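Written below as structure tokens is the structure these notes are about.
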Amino acid sequence: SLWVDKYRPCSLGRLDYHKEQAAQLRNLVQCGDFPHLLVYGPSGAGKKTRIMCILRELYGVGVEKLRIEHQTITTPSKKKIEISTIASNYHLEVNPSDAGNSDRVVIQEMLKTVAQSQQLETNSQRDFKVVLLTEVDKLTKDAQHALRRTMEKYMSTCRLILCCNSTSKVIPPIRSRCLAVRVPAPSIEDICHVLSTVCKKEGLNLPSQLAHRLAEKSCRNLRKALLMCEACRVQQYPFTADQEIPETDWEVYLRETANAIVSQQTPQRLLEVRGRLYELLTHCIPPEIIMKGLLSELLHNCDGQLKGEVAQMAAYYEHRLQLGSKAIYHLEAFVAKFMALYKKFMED
Amino acid sequence: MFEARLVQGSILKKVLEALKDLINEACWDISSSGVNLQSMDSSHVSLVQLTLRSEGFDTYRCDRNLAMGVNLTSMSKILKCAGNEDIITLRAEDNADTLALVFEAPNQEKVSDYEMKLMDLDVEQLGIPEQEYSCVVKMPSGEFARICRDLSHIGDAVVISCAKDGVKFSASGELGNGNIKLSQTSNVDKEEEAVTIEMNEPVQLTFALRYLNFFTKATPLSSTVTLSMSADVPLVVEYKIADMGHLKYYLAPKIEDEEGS
Amino acid sequence: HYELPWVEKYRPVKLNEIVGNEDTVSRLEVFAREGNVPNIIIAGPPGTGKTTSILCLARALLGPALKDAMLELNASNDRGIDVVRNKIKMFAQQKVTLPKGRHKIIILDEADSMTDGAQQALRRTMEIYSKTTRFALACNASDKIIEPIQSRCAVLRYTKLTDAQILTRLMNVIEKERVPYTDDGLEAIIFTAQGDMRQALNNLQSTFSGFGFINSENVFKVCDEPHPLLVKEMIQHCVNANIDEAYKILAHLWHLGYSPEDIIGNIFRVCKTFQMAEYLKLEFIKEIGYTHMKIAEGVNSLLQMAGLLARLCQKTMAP
Amino acid sequence: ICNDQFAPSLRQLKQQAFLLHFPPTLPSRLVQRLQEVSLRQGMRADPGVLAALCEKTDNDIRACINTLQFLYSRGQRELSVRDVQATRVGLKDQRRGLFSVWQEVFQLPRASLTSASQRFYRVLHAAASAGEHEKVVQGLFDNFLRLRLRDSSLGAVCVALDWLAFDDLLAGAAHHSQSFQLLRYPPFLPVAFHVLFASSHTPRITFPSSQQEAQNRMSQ
Amino acid sequence: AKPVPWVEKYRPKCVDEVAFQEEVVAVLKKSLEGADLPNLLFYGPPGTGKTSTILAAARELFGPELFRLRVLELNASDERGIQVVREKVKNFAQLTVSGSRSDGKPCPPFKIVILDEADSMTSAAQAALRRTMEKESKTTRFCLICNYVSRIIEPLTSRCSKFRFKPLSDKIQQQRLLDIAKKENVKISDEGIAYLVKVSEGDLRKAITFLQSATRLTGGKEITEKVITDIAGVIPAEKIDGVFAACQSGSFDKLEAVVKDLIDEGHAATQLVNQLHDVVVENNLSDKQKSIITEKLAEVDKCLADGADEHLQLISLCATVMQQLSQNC
Amino acid sequence: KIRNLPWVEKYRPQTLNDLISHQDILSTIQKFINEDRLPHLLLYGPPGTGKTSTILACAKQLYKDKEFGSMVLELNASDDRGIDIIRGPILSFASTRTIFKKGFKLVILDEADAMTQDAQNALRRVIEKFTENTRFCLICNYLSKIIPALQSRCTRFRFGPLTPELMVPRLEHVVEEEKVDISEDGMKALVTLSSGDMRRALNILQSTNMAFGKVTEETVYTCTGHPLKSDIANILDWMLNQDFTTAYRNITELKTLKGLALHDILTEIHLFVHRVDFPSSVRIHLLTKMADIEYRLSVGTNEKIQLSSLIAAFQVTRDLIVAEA
DNA sequence: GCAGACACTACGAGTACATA
DNA sequence: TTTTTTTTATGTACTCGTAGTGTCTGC
Ligand SMILES: Nc1ncnc2c1ncn2[C@@H]1O[C@H](COP(=O)(O)OP(=O)(O)OP(O)(O)=S)[C@@H](O)[C@H]1O
Ligand SMILES: Nc1ncnc2c1ncn2[C@@H]1O[C@H](COP(=O)(O)OP(=O)(O)OP(O)(O)=S)[C@@H](O)[C@H]1O
Ligand SMILES: Nc1ncnc2c1ncn2[C@@H]1O[C@H](COP(=O)(O)OP(=O)(O)OP(O)(O)=S)[C@@H](O)[C@H]1O
Ligand SMILES: Nc1ncnc2c1ncn2[C@@H]1O[C@H](COP(=O)(O)OP(=O)(O)O)[C@@H](O)[C@H]1O
Ligand SMILES: [Mg+2]
Ligand SMILES: [Mg+2]
Ligand SMILES: [Mg+2]
């Protein structure tokens, strides 16, 4: 077991940060008439930890005993699709985006059968069941339109805890039906405190400068901070203050891709950069993260009077990428437009 | 309150399997005289006129006249799970929508009550002319079904003629022509297998084979069928049930245009 | 008895009565007189007379043997893959006693509706039995008929009928029917026909039944002026960045009851073959497609079409 | 015997069969054979009008013989140039190959036919009559950056990628809203490239493989 | 004795409990007396009470025992294809109107088909409804409910009587919230209820959810403005002033810093767009700068409605307002 | 007897004399019927203009009630109309004779634009072959979704939008048959908000009479929720006469006071943008910006930002119009 | 009288395309 | 002088393979 999973808190009273929100979430779910929840925040903030702490607070300690359940659903095109589900004796955890564009068939068929039926034992279990829809921002709007009457009709016997990163990808009919719970990313001091407590529970000594550099490089992601701290512990047991922190390959590959963009502005270099972008899209990197990494590395090379235009072009081609279906067209269009702008700026 | 009682379930099964691929929906017109059903097909080419008598049922009561329009696929699925020797009760209230079919299991132990929701189609009454026909033929139903099945292999539209000699069937198709002519087959030991000609003026009319083959599915209902033809009125196929009633099939001729040459 | 409409009543029964495409119709007259007709595929616009030419040629070739030496199939029939193998091939194998220079004729009307597999199966049964049978296909879109079938037949192409060719047949129908008329009325009928003899006969019969006289206002009280004749003017106004006249034509088409889909279809149809710069034409077509995506997605108002016209006028002033 | 060797059902045959590919017939032998046919049938024709039929039917023997059989009949003996040059008799729609369409898009015809509108309509009709539209889009996407592009400011590349994104948006909207009357505009994707990257050079067009290799690698 | 959330506990059981939608409520109350009920098309913003009004009308018209025989409710959670409209809806519309109320109240002689969430239906399935609505109008009624009337085809727009559900005004929403808080024995201050009806923006479901969650958080004590600001996700004015100071600085590094600090705090981009819009329309900027900036705000809101990335759209909006603020410097 | 029906179905023109507008087309169709020269018809136009009512009145005039089920085959978009139906029931109906009385039959194909192209291609020789026996009437809203081969075979009638001068007496007949107290401005608002549609004018009349009991201008514009002409003139005056903040406050107060929607405001401002003698460069920018704002309102987008952009599109062009002089 | 064989239609499954 | 593969979400149409099943033959 890694450090991301060994020292995860189990109850709402054991959270290192957002303690006021932990007390408010304990007071919210005590009566049992709490509405649907929409837990939103940046990745690595601790959303799933707080959802599992809410489930512990509701039911017993039996929510930690989970199992894989496989379901086969028939599409309107009569194609049988297999979907996995984390389940317990009190709740279920479904990720409908694994069905892709058929995610609506998960909502119309698999979810409603959960909602339309009451529970077997009403003493060990409570009066209601919980369904955790993971990553609802990746759902299509058809599935989110199928979600709303299921959320409204059977909310006295099935409560739902949707989890997402951005609420802009959730339609306003769904956001009107649920209470929005914001989990911000922990600050540098909170991540340093978490890493210090983890190193103390492991019997190690961690300098403050190394923990500050880990929290800075993790970009307020506690999962990546814990993984980087454990990797630094593995690669060198004496914790030096200027120890080299390991980095992900796709991030440094994105940095090298943007260096290849800014190095030369030619159609041959554009064809090489298009090959690099296919290499990035091959390894299942989402295209918005590729666009964000390209912008974050290309803004370090631009001048002060070009960064606004480059950021506006990046946002425009990101929106056009979201409207379309082939990411490589909009990615290469953004790279070509930046190459034209950079060539115009450098020759003038 | 309407309450009819079929003494056996086989005749209703044969009726609803005769009309299953033809009739879109069943309009049971209920009176004190009996049960009437005048319904066209989905193509508005054929017409079905079923008349069941009140004396054929076990018990028949009818306070006020009713007109119950119901779907046929649902009634077909209800009558599929019905025995051939059990008593089947049809019930209907005065101002309700539930037409009830009460029957017994094939194990003959438990009861079964299947309700149907009545449809609300406003259907104008189709006027049967009930006029005299220029050709009336009494022939066995099995031979008529066999000759329709044998002409279905040759063509699709069949020219049936009738005269003083007898009925005649022709199918000018792609393989070729098949002309089958029958007459005076009453010199046998059986009484059902007989061809009798009653009327005078010869007629030649062309009809579709699919509707004739749908009409021949009522062969177990009657041993002897009647064919009525004339130059203006359509083709009538009359099945006379033994002690329940009768069934009339009306089929319109096709449009045939001669060669200009 | 019921009187047929003038489209079906005045269908030509001889090949000399067919107006338009004089070279092809004259060669079909020669082939009907002599014989030994090759396999023929006639393509063209609707109402030109392709079916009439095929049926008149088959009738003049056969005569009394028309009912036994001709197989006519339409899109109303099945003509799938099991009909080319089992009915067309069996008719091509069928023995019919005919005079010299005369063959069995398999008329395949509206051959665009046939699938690609049926046309693939048609190739060898057309090529083998050509000593005894012949094929006479009629179609609108010649690209639907595959290259081997077009290679196995003579591909006759019919063009749109001219105003004089329509006027000659209309004067024949008028002198047969004793229809009073004026010259501007027949000019209006020719204008509303747009190369279609069916529409000319239908409009003439509608005007004669509704009013009993053929002038311009009696024609235009029941018939309508064509859509692209004003869409070309509004596209020409959009080319010169004149938004007021373009919106005047757009509002005139809007108040006549035309849907945004029909209007933008005529706009794309005019802009596809308009005479302007090629890069400007591509920008116009891309803006039309961007507007048509919004029209199809649900938003379709006069403001959207006016915004499309404004974007087309902006594309001119922005090189 | 087949007409398209690149069918998906024949590839396993192509690894095992004695692959004999037919070139188009020589115009001289075809003109001589049509001259012999016309002399046997008693009809007079100069070799120039026979070469015009040969170039009209794209060296099709059967189409040329059927066209001569219709055009001769018995009314006249001498064939005229304007009868063959007319589009009413003998013209047929050919299915263009993918490489012929890409060569027509990326290369100008060598030197009337010099007007840009005729080339516009010719490229549009060739790309429409070729079929397999997505393969043409993939070939244009994979071959337009390999040329010696004169647009050093990359404006032509940007507007070509805008046209490709327009094609992608139209395909998504037609497959989303079930409105397939938006499928008349992506036929103008190849002809747009003909306005952008028309050159008098000799480009080496390769078959598109990047969008299928990337899709296979993403699936794995 | 199970607890139930307040959005379903205070759903309008009858048509008299529906708030602020006076025209459609008056139409349905006339139809309760015996007037000719036409076909209905309810459209408007979320949370305005389109589903509750027609369910209350159906419960008043048919009672408890005739809801399963006279009401067919189809929504986007079930399959509504072309075959569902052609088979299920047409066969329901062709049924007889039988069954009477056992409590002696009058019953209307028609059925009701509630096609809730009619935006998600295709154009072919909507085109199959036309002669079903026209031909079977003697024995059934139709009520299409949607949020956008542009996604419903113009024949179905023409066949139905259109009612637009307005967002609830602050008077009616505040009165309903105070009645709910009085019935639940919870006390809320005037500043708290003013900030609540400011935050909810005419969404009464959001207001009831916020009131219930503030009651559960505080335990039943006095609800102040601070808990409403905590639970409403409202960005503090210090962050907005820091963003505007970073734009007035003219340096893109401080702009990236404040955008990353707002993203890492998990603030929704729609709330940031609303607060930046209020600050822009309520300052002393020039009309051209305000014009360009509000146009960029509208474009950014449209892009976020299409599921674009929050960080890139916010950095584009911040770059635009930074350019406008540094143009006059 | 009294019936519980919507007023768009209770008041339907059962005869051809009860329709109002298309007098030349209806006179021609009446002379087709009286001379027994009825061709295959193609009725096209915007919705609510009376095409289905026209063909149902013609079918009831042609055929009696004792034979109407055997002579008329009416199929629409709620029925399955695939190519197996064209090859099946429609071809068998067209190719066979009648049952009761000799005569020509009628196949009404309502919503003919919803048919597939295979069915439309199969219908061509069914229409042409059995012209003597049966007649076909195709009715559509969009003529582009009907193939040109079917448009050639059927003579087409454009059932255009109903003019408000001819829409008034039918509404007066409906009012006098329903005992409705209506003023002149109520009738004017009805025929303004209908916009060539008698469905929407009856629906709005019934909705206003149920909601308020009287039909005036204020009651119609309150029940429909449409803004008045004075409100649109005030919005345009505020957007052209003062700065961003005061115009924003006044339009926001006007929208909150009367509960207006931005779609109807955009439509009426678009109608006003052509009556105002703007420069041609200003009008192009205004039309492009208003089309963009109308497109942004089709999704889950906050309407206050779009109202600010609607103000912004005019605040951009204020100084341009003034300095143009 | 009952087991084996024959063709029969209804039904399940795979594939393509949808524009001018 | 140059060739592999499944996604788009329904709806329709085509084509082909398979399985109960009514009916005919024979001892
Ligand atoms: N060239 C013509 N000369 C005389 N009458 C014509 C001519 N073309 C068409 N017509 C008339 O129009 C009717 C229809 O002609 P068709 O041959 O059926 O049209 P078509 O060329 O087949 O077009 P499509 O593609 O089948 S709709 C004929 O019956 C004539 O009455
Ligand atoms: N006008 C209203 N009067 C009283 N309660 C209301 C009103 N509008 C909303 N509510 C409350 O908010 C809840 C949600 O109402 P709904 O009718 O579901 O809203 P809605 O119109 O369906 O929103 P959408 O468009 O479906 S997301 C109801 O159950 C009520 O508790
Ligand atoms: N000309 C008219 N005269 C009288 N009432 C009319 C007229 N046009 C429409 N109506 C009314 O509108 C109702 C429906 O008209 P329809 O016959 O459906 O019109 P339509 O133009 O065929 O509509 P579409 O295009 O099929 S939605 C009628 O029953 C009348 O109540
Ligand atoms: N209060 C806390 N104390 C210590 N570690 C935590 C705390 N909250 C979260 N973590 C750790 O940070 C990581 C956050 O991941 P997760 O809980 O899945 O949130 P998200 O879903 O936002 O990524 C988890 O691996 C968890 O172990
Ligand atoms: Mg034809
Ligand atoms: Mg709702
Ligand atoms: Mg209609």
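Just remember, in the structure tokens the first chain shown is A, the second B, etc., residues are 1-based per chain, and ligands are 1-based in the order shown.
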- prompt: Please, which residues have at least one atom within 10 Å of an atom of ligand 7, using only C-alpha atoms (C1' of nucleotides) and all ligand atoms, listed as a VMD selection string?
  reply: (chain E and resid 130 to 131 134 to 135 155 159) or (chain F and resid 47 to 56 76 110 to 111 139 to 141)
Kindly export the residues of the current selection with C-alpha atoms, as a compact mmCIF listing (two decimals), in the first residue's frame.
# COMPACT_ATOMS: atom_id res chain seq x y z
CA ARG E 130 -48.61 16.21 -34.44
CA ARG E 131 -51.63 14.28 -35.69
CA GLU E 134 -54.76 16.93 -33.29
CA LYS E 135 -56.73 13.74 -33.98
CA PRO E 155 -45.72 22.52 -35.43
CA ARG E 159 -50.33 23.05 -31.48
CA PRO F 47 -47.71 25.80 -39.96
CA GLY F 48 -51.21 26.80 -38.92
CA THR F 49 -52.32 28.06 -42.35
CA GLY F 50 -55.01 25.43 -43.02
CA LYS F 51 -53.65 22.64 -45.24
CA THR F 52 -54.88 19.60 -43.30
CA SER F 53 -58.21 21.39 -42.77
CA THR F 54 -58.37 22.03 -46.53
CA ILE F 55 -57.80 18.40 -47.47
CA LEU F 56 -60.21 17.13 -44.79
CA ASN F 76 -49.32 10.78 -41.36
CA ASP F 110 -49.97 14.37 -44.20
CA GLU F 111 -46.45 15.45 -43.16
CA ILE F 139 -48.82 18.06 -47.52
CA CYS F 140 -45.56 19.42 -46.14
CA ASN F 141 -44.06 22.36 -44.28
task: Kindly compile the residues surrounding ligand 6 within 10 Å, counting only C-alpha atoms (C1' of nucleotides) and all ligand atoms, and format them as an MDAnalysis selection string.
output: (chainID A and resid 148:149 152 173) or (chainID E and resid 42:43 46:54 75 116:117 145:147)
message: Need the shell around region 206-217 of chain B: protein/DNA/RNA residues with any atom at most 9 Å away, counting only C-alpha atoms (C1' of nucleotides). Skip same-chain ones fewer than 3 positions apart. Format as a PyMOL selection string?
response: (chain B and resi 14-15+17-19+21-22+45-46+141-142+144-146+148-149+151-152+155-161+220-221+235+237+249+251-256) or (chain F and resi 92+96)
Write the selection just made, keeping N, CA, C and O atoms, as a compact mmCIF listing (two decimals), in the first residue's frame?
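Resulting contents of selection.txt:
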# COMPACT_ATOMS: atom_id res chain seq x y z
N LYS B 14 -59.89 -19.64 -33.31
CA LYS B 14 -59.85 -19.72 -34.77
C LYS B 14 -60.24 -18.40 -35.41
O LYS B 14 -59.67 -18.00 -36.43
N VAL B 15 -61.22 -17.70 -34.82
CA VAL B 15 -61.64 -16.40 -35.35
C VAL B 15 -60.53 -15.37 -35.20
O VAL B 15 -60.18 -14.67 -36.15
N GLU B 17 -57.34 -15.95 -34.83
CA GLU B 17 -56.18 -16.28 -35.63
C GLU B 17 -56.45 -16.13 -37.12
O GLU B 17 -55.51 -16.08 -37.91
N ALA B 18 -57.73 -16.07 -37.52
CA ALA B 18 -58.05 -15.80 -38.91
C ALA B 18 -57.82 -14.33 -39.26
O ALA B 18 -57.43 -14.01 -40.39
N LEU B 19 -58.06 -13.44 -38.30
CA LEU B 19 -58.03 -12.00 -38.54
C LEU B 19 -56.77 -11.33 -38.03
O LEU B 19 -56.68 -10.10 -38.10
N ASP B 21 -53.43 -11.22 -38.88
CA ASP B 21 -52.57 -10.51 -39.81
C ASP B 21 -53.35 -9.58 -40.74
O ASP B 21 -52.75 -8.93 -41.60
N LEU B 22 -54.67 -9.51 -40.58
CA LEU B 22 -55.54 -8.74 -41.46
C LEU B 22 -56.20 -7.56 -40.77
O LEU B 22 -56.06 -6.42 -41.21
N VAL B 45 -58.86 -2.43 -48.11
CA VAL B 45 -59.25 -3.21 -49.27
C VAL B 45 -60.24 -4.30 -48.91
O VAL B 45 -61.21 -4.53 -49.63
N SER B 46 -60.02 -4.97 -47.78
CA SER B 46 -60.89 -6.05 -47.33
C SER B 46 -61.84 -5.56 -46.25
O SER B 46 -61.66 -4.50 -45.65
N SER B 141 -64.34 -25.78 -47.98
CA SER B 141 -63.37 -24.77 -47.58
C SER B 141 -61.94 -25.28 -47.71
O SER B 141 -61.03 -24.50 -48.01
N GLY B 142 -61.73 -26.58 -47.48
CA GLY B 142 -60.39 -27.14 -47.60
C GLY B 142 -59.87 -27.13 -49.02
O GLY B 142 -58.69 -26.85 -49.26
N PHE B 144 -60.84 -24.96 -51.30
CA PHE B 144 -60.59 -23.55 -51.61
C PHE B 144 -59.26 -23.09 -51.03
O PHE B 144 -58.51 -22.36 -51.69
N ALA B 145 -58.94 -23.53 -49.80
CA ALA B 145 -57.65 -23.21 -49.20
C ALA B 145 -56.50 -23.86 -49.97
O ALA B 145 -55.45 -23.23 -50.19
N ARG B 146 -56.69 -25.10 -50.41
CA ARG B 146 -55.67 -25.80 -51.19
C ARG B 146 -55.45 -25.13 -52.54
O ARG B 146 -54.30 -25.00 -52.98
N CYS B 148 -56.05 -21.97 -53.30
CA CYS B 148 -55.39 -20.68 -53.09
C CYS B 148 -53.91 -20.85 -52.78
O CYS B 148 -53.07 -20.08 -53.26
N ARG B 149 -53.56 -21.88 -51.99
CA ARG B 149 -52.15 -22.16 -51.71
C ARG B 149 -51.41 -22.60 -52.97
O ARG B 149 -50.25 -22.22 -53.17
N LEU B 151 -52.18 -21.67 -55.99
CA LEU B 151 -51.99 -20.58 -56.98
C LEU B 151 -51.05 -19.53 -56.39
O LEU B 151 -50.51 -18.75 -57.17
N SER B 152 -50.81 -19.53 -55.07
CA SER B 152 -49.84 -18.59 -54.52
C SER B 152 -48.41 -18.87 -54.99
O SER B 152 -47.58 -17.96 -54.98
N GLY B 155 -48.38 -17.08 -59.21
CA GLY B 155 -48.40 -15.63 -59.36
C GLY B 155 -48.75 -14.90 -58.08
O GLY B 155 -48.58 -15.44 -56.98
N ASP B 156 -49.23 -13.67 -58.21
CA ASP B 156 -49.67 -12.86 -57.08
C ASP B 156 -51.09 -12.34 -57.21
O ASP B 156 -51.76 -12.16 -56.20
N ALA B 157 -51.56 -12.08 -58.43
CA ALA B 157 -52.93 -11.67 -58.68
C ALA B 157 -53.61 -12.76 -59.49
O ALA B 157 -53.06 -13.20 -60.51
N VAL B 158 -54.78 -13.19 -59.05
CA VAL B 158 -55.47 -14.33 -59.64
C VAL B 158 -56.78 -13.87 -60.26
O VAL B 158 -57.54 -13.11 -59.65
N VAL B 159 -57.04 -14.35 -61.47
CA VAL B 159 -58.29 -14.09 -62.17
C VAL B 159 -59.21 -15.27 -61.89
O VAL B 159 -58.97 -16.38 -62.35
N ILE B 160 -60.26 -15.03 -61.11
CA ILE B 160 -61.27 -16.05 -60.84
C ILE B 160 -62.50 -15.72 -61.65
O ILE B 160 -62.99 -14.58 -61.64
N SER B 161 -62.96 -16.71 -62.41
CA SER B 161 -64.15 -16.62 -63.24
C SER B 161 -65.18 -17.61 -62.74
O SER B 161 -64.84 -18.61 -62.10
N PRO B 220 -61.16 -24.38 -40.40
CA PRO B 220 -61.81 -25.21 -39.37
C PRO B 220 -63.14 -24.68 -38.86
O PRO B 220 -63.85 -25.42 -38.17
N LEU B 221 -63.50 -23.42 -39.16
CA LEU B 221 -64.77 -22.88 -38.69
C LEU B 221 -65.95 -23.50 -39.42
O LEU B 221 -66.97 -23.81 -38.80
N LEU B 235 -66.06 -9.53 -53.89
CA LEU B 235 -66.02 -10.99 -53.63
C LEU B 235 -66.39 -11.26 -52.18
O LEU B 235 -65.74 -10.73 -51.30
N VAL B 237 -66.82 -14.16 -49.24
CA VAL B 237 -66.47 -15.49 -48.77
C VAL B 237 -67.24 -15.70 -47.47
O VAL B 237 -66.98 -15.02 -46.47
N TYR B 249 -66.39 -12.33 -45.62
CA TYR B 249 -65.18 -11.66 -46.08
C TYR B 249 -65.49 -10.96 -47.39
O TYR B 249 -66.00 -11.58 -48.32
N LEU B 251 -63.77 -8.73 -50.49
CA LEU B 251 -62.52 -8.36 -51.13
C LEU B 251 -62.81 -7.68 -52.46
O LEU B 251 -63.55 -8.21 -53.29
N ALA B 252 -62.21 -6.50 -52.66
CA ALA B 252 -62.43 -5.69 -53.85
C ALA B 252 -61.57 -6.18 -55.01
O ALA B 252 -60.46 -6.68 -54.79
N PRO B 253 -62.05 -6.05 -56.24
CA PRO B 253 -61.23 -6.42 -57.40
C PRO B 253 -60.10 -5.44 -57.65
O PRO B 253 -60.11 -4.30 -57.18
N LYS B 254 -59.10 -5.91 -58.38
CA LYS B 254 -57.97 -5.06 -58.72
C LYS B 254 -58.23 -4.31 -60.03
O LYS B 254 -59.12 -4.66 -60.81
N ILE B 255 -57.43 -3.27 -60.25
CA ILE B 255 -57.54 -2.45 -61.45
C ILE B 255 -56.66 -3.09 -62.53
O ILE B 255 -55.43 -3.08 -62.42
N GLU B 256 -57.29 -3.63 -63.56
CA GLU B 256 -56.59 -4.24 -64.68
C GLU B 256 -56.88 -3.45 -65.95
O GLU B 256 -58.04 -3.19 -66.28
N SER F 92 -51.67 -1.62 -52.55
CA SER F 92 -52.89 -2.42 -52.63
C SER F 92 -54.14 -1.54 -52.59
O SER F 92 -55.15 -1.88 -53.22
N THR F 96 -56.47 -1.45 -56.26
CA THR F 96 -57.74 -2.17 -56.19
C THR F 96 -58.91 -1.21 -56.38
O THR F 96 -58.79 0.01 -56.24
- request: Pick out the chain A residues within 10 Å of chain H. Count only C-alpha atoms (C1' of nucleotides). Give them as a PyMOL selection string.
  value: chain A and resi 76-77+101-102+325
field: DSSP alpha helix (DSSP H) residues within region 77-220 of chain F, listed as a ChimeraX atom specification
entry: /F:83-85,91-95,117-129,148-153,164-176,184-194,198-211,217-220
task: When you get a sec, could you note down which chain C residues fall within 10 Å of chain H, using only C-alpha atoms (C1' of nucleotides), as a count of residues only?
output: 5
- prompt: For chain E against chain C, which residues fall within 9 Å using only C-alpha atoms, given as a list in words?
  reply: residues 149, 150, 151, 152 and 153 of chain E
- request: Pick out each residue of region 18-87 of chain B that DSSP on the backbone tags as strand (DSSP E or B); I need them as a PyMOL selection string.
  value: chain B and resi 23+25-30+34-41+46-53+61-62+66-71
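The space separating CA of residue 65 (chain D) from CA of residue 19 (chain D) comes to 28.5 Å.
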field: Within-9 Å residues of ligand 4, basis only C-alpha atoms (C1' of nucleotides) and all ligand atoms, as a PyMOL selection string
entry: chain A and resi 3-9+12+14-19+39-52+163-165+183-186+190-191+194-195+197-198+221-227
Nearby residues (only C-alpha atoms (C1' of nucleotides)) at most 6 Å from region 95-100 of chain B, same-chain spacing under 6 positions excluded, as a ChimeraX atom specification: /B:114-118 /E:98
Would you output that residue set with N, CA and C atoms, as a PDB file, in the first residue's frame?
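Output (selection.pdb):
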ATOM      1  N   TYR B 114     -58.295 -11.757 -17.435  1.00  0.00           N
ATOM      2  CA  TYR B 114     -57.467 -10.830 -18.196  1.00  0.00           C
ATOM      3  C   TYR B 114     -58.327  -9.657 -18.651  1.00  0.00           C
ATOM      4  N   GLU B 115     -57.970  -8.454 -18.219  1.00  0.00           N
ATOM      5  CA  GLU B 115     -58.690  -7.259 -18.630  1.00  0.00           C
ATOM      6  C   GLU B 115     -58.056  -6.666 -19.883  1.00  0.00           C
ATOM      7  N   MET B 116     -58.875  -5.949 -20.652  1.00  0.00           N
ATOM      8  CA  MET B 116     -58.425  -5.196 -21.814  1.00  0.00           C
ATOM      9  C   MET B 116     -58.970  -3.783 -21.719  1.00  0.00           C
ATOM     10  N   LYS B 117     -58.182  -2.813 -22.175  1.00  0.00           N
ATOM     11  CA  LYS B 117     -58.603  -1.418 -22.188  1.00  0.00           C
ATOM     12  C   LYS B 117     -59.234  -1.104 -23.538  1.00  0.00           C
ATOM     13  N   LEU B 118     -60.463  -0.598 -23.510  1.00  0.00           N
ATOM     14  CA  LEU B 118     -61.191  -0.325 -24.739  1.00  0.00           C
ATOM     15  C   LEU B 118     -60.669   0.937 -25.410  1.00  0.00           C
TER      16      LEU B 118
ATOM     17  N   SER E  98     -62.582   6.324 -19.110  1.00  0.00           N
ATOM     18  CA  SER E  98     -63.472   5.695 -18.149  1.00  0.00           C
ATOM     19  C   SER E  98     -62.851   5.783 -16.762  1.00  0.00           C
TER      20      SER E  98
END
message: Could you tell me which residues of chain F sit within 8 Å of chain E when counting only C-alpha atoms, and give me the result as a ChimeraX atom specification?
response: /F:4-7,9,47-48,76-80,114,197,199-200,203-204,206-207,210-212,223-225,243-245,248,256,259,296,298-302,305-306,308-309,311-313,315-316
